[PDB]
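Working notes, structure below.
All Cβ positions, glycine included, derive from the backbone under ideal geometry; neighbour counts span all protein chains shown. Rule-based calculations on the coordinates, nothing more; no lab input.
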Amino acid sequence: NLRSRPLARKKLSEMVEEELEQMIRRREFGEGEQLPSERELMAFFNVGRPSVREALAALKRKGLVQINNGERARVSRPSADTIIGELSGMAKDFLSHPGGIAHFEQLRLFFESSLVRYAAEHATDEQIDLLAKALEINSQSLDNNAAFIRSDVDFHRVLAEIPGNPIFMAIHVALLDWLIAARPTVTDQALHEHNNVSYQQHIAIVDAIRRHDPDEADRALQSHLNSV
Amino acid sequence: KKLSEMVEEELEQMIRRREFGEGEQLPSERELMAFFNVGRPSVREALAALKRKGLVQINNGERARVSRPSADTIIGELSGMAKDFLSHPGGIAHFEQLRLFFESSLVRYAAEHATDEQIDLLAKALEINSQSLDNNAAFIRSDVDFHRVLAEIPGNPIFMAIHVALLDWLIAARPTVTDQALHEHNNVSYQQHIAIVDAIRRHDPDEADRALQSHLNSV
Amino acid sequence: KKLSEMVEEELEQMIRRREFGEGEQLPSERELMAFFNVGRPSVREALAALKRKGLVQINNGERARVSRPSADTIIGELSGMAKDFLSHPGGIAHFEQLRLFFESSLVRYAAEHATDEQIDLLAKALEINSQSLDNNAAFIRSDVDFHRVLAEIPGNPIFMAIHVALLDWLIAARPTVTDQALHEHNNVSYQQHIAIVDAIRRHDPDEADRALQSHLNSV
Amino acid sequence: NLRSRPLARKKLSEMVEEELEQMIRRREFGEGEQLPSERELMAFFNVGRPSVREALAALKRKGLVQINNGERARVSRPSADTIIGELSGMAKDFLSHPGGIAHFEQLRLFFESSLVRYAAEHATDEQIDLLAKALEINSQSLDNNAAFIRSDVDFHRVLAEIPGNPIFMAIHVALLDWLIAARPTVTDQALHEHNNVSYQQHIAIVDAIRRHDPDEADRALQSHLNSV
Amino acid sequence: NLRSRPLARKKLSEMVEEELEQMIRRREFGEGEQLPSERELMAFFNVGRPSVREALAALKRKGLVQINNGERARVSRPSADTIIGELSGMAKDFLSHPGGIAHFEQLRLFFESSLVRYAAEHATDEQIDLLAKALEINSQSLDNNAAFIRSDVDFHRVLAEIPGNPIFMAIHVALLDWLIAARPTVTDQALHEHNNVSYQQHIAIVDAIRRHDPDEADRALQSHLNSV
Amino acid sequence: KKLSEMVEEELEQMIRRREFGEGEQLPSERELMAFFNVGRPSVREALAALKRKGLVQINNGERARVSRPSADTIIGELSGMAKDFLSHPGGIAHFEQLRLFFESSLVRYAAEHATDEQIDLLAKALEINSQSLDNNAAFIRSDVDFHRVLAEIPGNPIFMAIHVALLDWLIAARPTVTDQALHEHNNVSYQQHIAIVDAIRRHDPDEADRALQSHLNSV
DNA sequence: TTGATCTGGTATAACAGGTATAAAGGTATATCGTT
DNA sequence: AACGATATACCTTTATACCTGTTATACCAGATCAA
């Protein structure tokens, strides 16, 4: 450890991991694979090989580096996706106990209402083409299977991408994944009429956005979320 | 892929299914490894990940246990997230903007189902909120209590958790606080809350949203 | 040429010769490379090709295994092929025309060797086929069951595979289905199947082929 | 990746390959070598050189580009030949187990009967010259070795080319290759008389086609396939 | 070229290739990739990049180096296989004109008779186990297809490997390849009885070798080559 | 793999099929490349390989032609092969041993079909062979003429080519020749050839093979 | 003598192979607990 | 006090990524031939 300090009983792995943390915080490395390999650091610190592996693995969990296969660690910063990855541990309890299912629906409804209100209020002359091509590519009836579902979720994503906030897209993807993960026994009984109703509601929504009237858009969105 | 994450999620869902309660009820990890056809460092990495999460307790050579409280992981995630500040100077305001997208989803709900049982509660809350006198201690406590009783109107435990999380996040983020400017800030805040509760009584969510937007713009 | 394809076909024929069963029975790929005088990226490309095909399983650092089921490559090829639609508008009908070249090779075979043991089977099949009532669920199932029991007359496993492949291909190709027109469609279909089985009993393959051509032209 | 996302443990090669797939599907490239070289894309994505090589190689297998030697990738569409190339993996089992040999023969017989019926029914006044010159160039007895075999397979090919379906010629070539690949110990014992019988049967077939009588043609074809 | 000599009209590629030849003959390099890459030599000689590529390519043809993929040239010596590779250009004429087919058969017969005579005369007490295990693994009747053919050619190879001459194995492999390349329409009509006759003849050959009587072995080999 | 070798073998088989005779009958290589979907350096490498082989002739900017004589490639291969001498000191004797495996396949053939028409030819050959007097000039010429008339007994053009190739190879390999020892060498050679022709007349291939082995062992 | 075409050489780009590094899994050893 | 089980650490193997080298293709320049 370049300082002659064993620290065996007090877990010497903490010493090397905090030394690596300090060396990274000292702005002595770049943003990629500037850090050496495992054997180089092992020989430089006169320690074991599995210790450095555990250190890096713990560091990745803490959200500091990233490794894939046959490449050194790439130092980065913990973004919004890292927080969502570290979370979701208690999400199973919410779907386990009877409640919470309506709470997630209410949260999603509030989020979508807020974002559609912001989009209708800050409606520029360029984002109209995005929603136009979205409703155009989601207008034809060619595949009544899962293609319409992915088209609808892509339309929702491009609608949520209007503000331009990295945390917004992250939480949107997280909520959509947590919602589609709790859809058991999906059957194709009345999904075609559901697709037609969704198309009509999207047409009404874009018409209300063009006319600058969030009331009708909010009513159509509430009706769509109540019809499920 | 990586075996580690597989057995990690397996033991996570096992401890979530309430298969083992308090104490050292887990079997020997050697025969677990022999049955799962995994490696020794994988189990050590899984235990280290669980220790970093804050669910098990390993000191010397004893076995792991369960952890019912969840306050350690909260401050852990707080310290881990409150770091991305020097990268984006104004992007933090985006996070503040997120708070907007939350509060605007609250003042427009009082006119939905609140009839009289919540009106008395918010009135008796704002009574003490206005009776408060201290600028740094009483006014901040009154403001957070008003925000809590506002978030508790729909009756949702997730909303309260999100609100307190945003509160502690902004508290850890903002490093400098004022006293003279905060006085007029909370003054205008409760002056606008008066109009907010007036519009709530009159069943007009537009005026409440406008007052909230003006309060957020006043900073 | 490319060394990769050579060792790929070599390991393919080796795993087809049943040299190694289930599990990690393959030796170390390092000495394999040393004996074959090949390169490191070639082995990685071969393993990636085998993973894309759906015969091996590599997640992290373990060894490859064998894969007995073949349902993943089926849907993989389905998704990979069901794409050339916007290039040729009517050329897809050519594929449908191919189906003709298959069905015309079936109705002309019942008069070859089927005497009575298949007649009872097709009769008890068409019984339930006509007893079906639902337009979108029962009629389509009855039609595919009749097509299956027709293709199973010569007793050929390849014919059944080709038939089910054409079925799933046309299902993935056609994006819009009807209910009112499909009713009369299957009505005329079984009305022509009546004449088809009559001609089969009378040992006349010409009338069956004419009825099949008329059914295909009716769309 | 122009988005600051490591994705090391989750195989970053999938990220770049799906990015390339999306860029190709966005109709931002032509149909040839419009895509840049390996070093250009490597420097643009700030990734490794072997990663882009593996991506392109995987893409070629999926059936999207094509490379030869010293030339950029040519984007195209997976035709019928690509499906046959991706298949044929289970064809060895059929020739391994005792059955299947008669099944392939029955399939080929059904295909040839259907195509000859279509040719006799849609017989125009122009395709007659093709079969005429075919039987003329396959009439003289100059080389009794493998020249007659290739003449016969060329006659079969030009007969199968009458409908004009790209998938038809593809499956015909595939079946002929899979059939000639399973002809062990080909000896020249009675191949001359076989050539004479084949010539007489082709004469009978073209006569039945001229007379518009598929029955005699089908009988002659059945006799030829039974005589082998 | 380190000497200030253009030699443009007289093909300067000859100058650099003869300089490389002299540098190699000066015993200044080892036996592997000791020579630098293409860019290093290009910058050292102040010439073009394709010129060095053509030089190395010509050198490989001359039989001096060897390249595969992503590796420097490995200097070696032209062995017997290089001569066979450079030859075989006029072998197509022999199979084109009617003669020569019996000439190759006579040459192969002379070669096999000479090698079997040498093996029977220099029969030691160790090579008997090789032929014993060969005839043992070629005795069972498990696959009457091409497995017996490859077993027979492996037996012929291990029989030709008795003297221990690198040129002998090279010319043996060359002759066997040139002979199997001229086997058109191989059919499985009487190959099983041919396999039984070959097994009996190999038994007679090994018995004559044990008894030290090359006459019976030569007669059996002549009968086998006449039966084809 | 390498495109170069493909088009090289293609043009080789094309010029072997006698598609183009003498002169510049080949078309423009630009449209050849456009039709073959190859590169420019590949055609240059193929032309360089053909020039090194000795089939085409390119000096400045003209087109390639055909080459009927094959004497240049002979000496080219001779110079290219006569180099591996310092590696294996005694392995060159293996090559000499190969010559054995050739000559032993000749003396045992005279008793097969030669009746009298070849006996007179070999007799009138050995007449002048013995009439020769010079040690370095006449005896070597007599020996090579006797070897030629021996190899020409079965009537095979390939055998003569192989014999002359071995002759020029051994001539280029052996750098030192003697005169006094070569005298007794050829003396014993023809003294053994006397017994060889005697055994050929008596129809006894064993004695001829023994005499040939003794001559080869005498060196 | 000038212009055009063809051939050859050089340079650049792309693909493939090999090597190195990192991560995961398995095995062994040590420590703690229970009988 | 001894034995067994569990946990942690270390080592080895496999996979992935990056870099380097080689080959092929394209472009430019020079030379030769024809008008």
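Could you go through segment A:120-129 in sequence order and give the Karplus-derived ³J(HN,Hα) for each residue, using 6.51 cos²θ - 1.76 cosθ + 1.60 with θ = phi - 60°, rounded to whole Hz, and x for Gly and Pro?
6, 7, 8, 6, 9, 9, 10, 5, 5, 5
Using DSSP to define loop residues, name the chymotrypsin sites (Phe, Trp or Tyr not before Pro) in segment C:36-123 whose beta-carbon has at most 15 other beta-carbon atoms within 10 Å.
On the way: sites: C:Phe36, C:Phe85, C:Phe95, C:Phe101, C:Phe102, C:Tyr109; in loops: C:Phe85, C:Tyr109.
In loop regions of segment C:36-123 (DSSP not H, G, I, E or B), the sparsely surrounded chymotrypsin sites (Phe, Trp or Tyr not before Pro) are C:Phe85.
In debye to the nearest 20, how big a dipole does chain A give about its Cα centre with +1 on each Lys and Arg Cβ and -1 on each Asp and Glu Cβ?
Values: 27 positive and 34 negative charges, 344 e Å.
The dipole magnitude comes to about 1660 debye.
For the pair A:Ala8 and D:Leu135, how long in nm is the line joining their label points, each one 7 Å along Cα→Cβ?
Reported label-point gap for A:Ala8 and D:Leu135 is 9.8 nm.
What whole number of Å gives the distance from the Cα centroid of segment D:81-147 to the Cα centroid of segment D:19-62?
40 Å
Between B:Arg30 and B:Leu98, what's the calculated FRET efficiency when r is the beta-carbon distance and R0 is 45 Å? Round to 0.05.
On the way: r = 48 Å, r/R0 = 1.06.
E(calc), rounded to 0.05, equals 0.40.
E:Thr187's amide H: which non-local residues (gap 5+, or another chain) put their own amide H closer than 5 Å, with H modeled 1.01 Å from N in plane and none for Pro or chain starts?
Hits under the 5 Å cutoff: D:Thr185, D:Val186, D:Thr187.
Projected onto the charge dipole of segment A:1-149 (+1 at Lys/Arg Cβ, -1 at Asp/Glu Cβ, origin at the Cα centre), which of A:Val65, A:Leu131, A:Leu109 gives the Cα projection farthest towards the positive end?
It is A:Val65.
Assign one of three labels to segment C:83-122, namely rounded, prolate or oblate, based on the Cα gyration tensor with a ≥ b ≥ c the square roots of its eigenvalues; rounded applies when a/c is under 1.5, prolate when it is not and a/b is larger than b/c, and oblate otherwise. Intermediate results must be reported in sequence, preceding the final value.
Numbers: a/c = 6.82, a/b = 3.65, b/c = 1.87.
Since a/c reaches 1.5 and a/b is larger than b/c, the shape of segment C:83-122 is classed as prolate.
Expressed as cubic angstrom per residue, what is the convex hull volume of the alpha carbon set of segment A:172-218?
Values: hull volume 4.5 nm³, N = 47.
Output value, Cα hull per residue: 96 Å³.
Expressed as a whole percent, how much of the Cα-Cα distance distribution for segment F:114-184 exceeds 15 Å? Can you show the working numbers first?
On the way: 1535 of 2485 pairs.
Above the 15 Å cut-off, segment F:114-184 has 62 percent of its Cα pairs.
Could you tell me which residue out of B:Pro154, B:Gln180, B:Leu86 lies farthest along the dipole of chain B toward its positive end? Charges go on the beta carbon: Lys and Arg +1, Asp and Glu -1, centred on the Cα centre.
B:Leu86
Please label the shape of segment B:23-121 as rounded, prolate or oblate, based on the square roots a ≥ b ≥ c of the eigenvalues of the alpha-carbon gyration tensor (a/c under 1.5 means rounded; beyond that, a/b larger than b/c means prolate, else oblate).
Details: a/c = 3.46, a/b = 1.95, b/c = 1.77.
The shape class here is prolate.
Take the Cα of C:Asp72, step 7 Å along the line toward its Cβ, and report every residue of segment C:1-18 whose backbone nitrogen sits under 18 Å from that point.
Of the residues in segment C:1-18, C:12, C:15-16 have backbone N under 18 Å from the label point off C:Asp72.
For segment C:159-202 and segment B:137-157, what is the separation of their Cα centres, given in Å?
So the two Cα centres are separated by 66 Å.
Give me a single rounded figure for C:58-66: the average over its residues of other chain Cβ atoms within 10 Å of their Cβ. Kindly include the intermediate steps, with their values, before the conclusion.
On the way: counts 1, 5, 9, 5, 4, 0, 0, 0, 0.
Other-chain Cβ atoms within 10 Å of each residue's Cβ, averaged: 3.
So for segment D:1-50, considering every pair of alpha-carbon atoms, how many percent are separated by more than 17 Å? Before the final figure, lay out the partial values.
Details: 474 of 1225 pairs.
Cα-Cα pairs in segment D:1-50 separated by more than 17 Å: 39 percent.
Using a cut-off of 15 Å between beta-carbons, work out the net charge of the residues near B:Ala137 (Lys and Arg +1, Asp and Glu -1, B:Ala137 not included). Let's see the in-between values first.
Numbers: positive: B:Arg141; negative: B:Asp134, B:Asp143, B:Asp145, B:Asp179.
Net of charged neighbours comes to -3.
Give the share of C-alpha pairs in each 10 angstrom bin for the protein assembly as shown, from 0 to the last occupied bin, in whole percents, shortest bins first.
Histogram of Cα-Cα distances, whole percents per bin: 1, 6, 10, 14, 15, 15, 13, 11, 7, 4, 3, 1, 1, 0, 0.
Along its three principal axes, how long is segment F:65-141 when you only count alpha carbons? Whole Å, largest extent first please.
Dimensions of segment F:65-141 along the principal axes of its Cα atoms: 44, 43, 34 Å.
Label points 7 Å out from Cα along the Cβ direction at E:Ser88 and D:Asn46: separation in nm?
5.2 nm
Using the 2.2 N^0.38 Å rule of thumb for compact globular proteins, work out how segment A:48-115 stacks up: its C-alpha Rg over that value, please. Walk me through the numbers on the way to the answer.
Numbers: Rg = 18.1 Å, N = 68, 2.2 N^0.38 = 10.9 Å.
Here the answer is 1.66, to two decimals.
Summing -39500 (n - 2.57) over the DSSP H runs of n ≥ 4 in chain F and dividing by its residue number, what mean residue ellipticity at 222 nm do you reach, to the nearest 500 deg cm²/dmol?
Values: 11 runs with 146 residues, N = 219.
My calculation for chain F gives -21000 deg cm²/dmol from helical runs alone.
What do you get for Rg/Rh over chain C if you use C-alpha atoms and the Kirkwood form of Rh?
Values: Rg = 23.8 Å, Rh = 21.3 Å.
Expressed as Rg/Rh, it is 1.12.
Rounded, prolate or oblate: which one fits segment E:74-228, using the alpha carbon gyration tensor with axes a ≥ b ≥ c (rounded when a/c is under 1.5, else prolate when a/b beats b/c, else oblate)? Each step should come with its number before you reach the end.
Numbers: a/c = 1.63, a/b = 1.20, b/c = 1.35.
Oblate.
Compute the normalised compactness of segment B:1-71: alpha-carbon radius of gyration over 2.2 N^0.38 Å, N being the residue count. Before the final figure, lay out the partial values.
On the way: Rg = 11.8 Å, N = 71, 2.2 N^0.38 = 11.1 Å.
In units of the globular-protein estimate, segment B:1-71 measures up at 1.06.
Against the longest principal axis of chain E, how steep is helix E:166-180, in degrees 0 to 90 to the nearest 10, with axes from Cα atoms?
So the inclination is approximately 70 degrees.
About the Cα centre of the protein assembly as shown, what is the dipole size in debye to 20, counting +1 per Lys and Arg Cβ and -1 per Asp and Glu Cβ, all else neutral?
4640 debye
Find, among the GluC sites (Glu not before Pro) in segment E:1-94, those assigned to loop by DSSP (not H, G, I, E, B) with at most 13 other beta-carbon atoms within 10 angstrom.
Working: sites: E:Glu14, E:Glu17, E:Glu18, E:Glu19, E:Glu21, E:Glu28, E:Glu31, E:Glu33, E:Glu38, E:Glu40, E:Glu54, E:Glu71, E:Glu86; in loops: E:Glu28, E:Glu31, E:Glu33, E:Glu71.
Those satisfying the criteria are E:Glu28, E:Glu31, E:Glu71.
When the convex hull of the C-alpha atoms of segment B:96-219 is computed, what volume per residue in Å³ does it have?
Working: hull volume 12.4 nm³, N = 124.
Once divided by residue count, the hull of segment B:96-219 is 100 Å³.
In square nanometres, what is the average projected area of the Cα convex hull of segment A:14-136? Could you put the intermediate results ahead of the total?
Details: hull surface 54.1 nm².
Averaged projected area of segment A:14-136's Cα convex hull equals 13.5 nm².
If you add up the charges near D:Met169, with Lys and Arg at +1 and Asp and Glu at -1, over every other residue whose beta carbon is less than 13 angstrom from its beta carbon, what do you get?
Local net charge: -3.
Would you look at the GNM of chain D, springs on alpha carbons closer than 10 Å, and say which of D:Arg61, D:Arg26, D:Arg77 moves the most?
D:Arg26
List the equivalent ellipsoid semi-axes of segment D:134-205 in whole Å, largest first, each obtained as the square root of 5λ for an eigenvalue λ of the Cα gyration tensor.
Values: eigenvalues 99, 60, 17 Å².
Three semi-axes, in Å: 22, 17, 9.
Can you pull the mean other chain C-beta count within 10 Å for peptide A:106-112?
4
Starting from one equal scatterer on each C-alpha and no solvent at all, send me the Debye-based log10 I(q)/I(0) for segment F:39-82 at q = 0.29 Å⁻¹, two decimals.
Those come out to -1.05, one per q.
Just checking the output field for D:56-69: average partner chain Cβ neighbours within 10 Å of each residue's Cβ? Please report the intermediate quantities before stating the final value.
On the way: counts 0, 7, 5, 0, 0, 5, 3, 3, 1, 0, 1, 0, 7, 10.
Per residue, the number of nearby Cβ atoms from other chains is 3 on average.
Note down the net charge around E:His194, summing +1 for each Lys or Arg and -1 for each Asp or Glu among other residues with Cβ under 13 Å from its Cβ. Walk me through the intermediate numbers first.
Numbers: positive: none; negative: E:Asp152, E:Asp188, E:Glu193.
My count for the surroundings of E:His194 gives -3.
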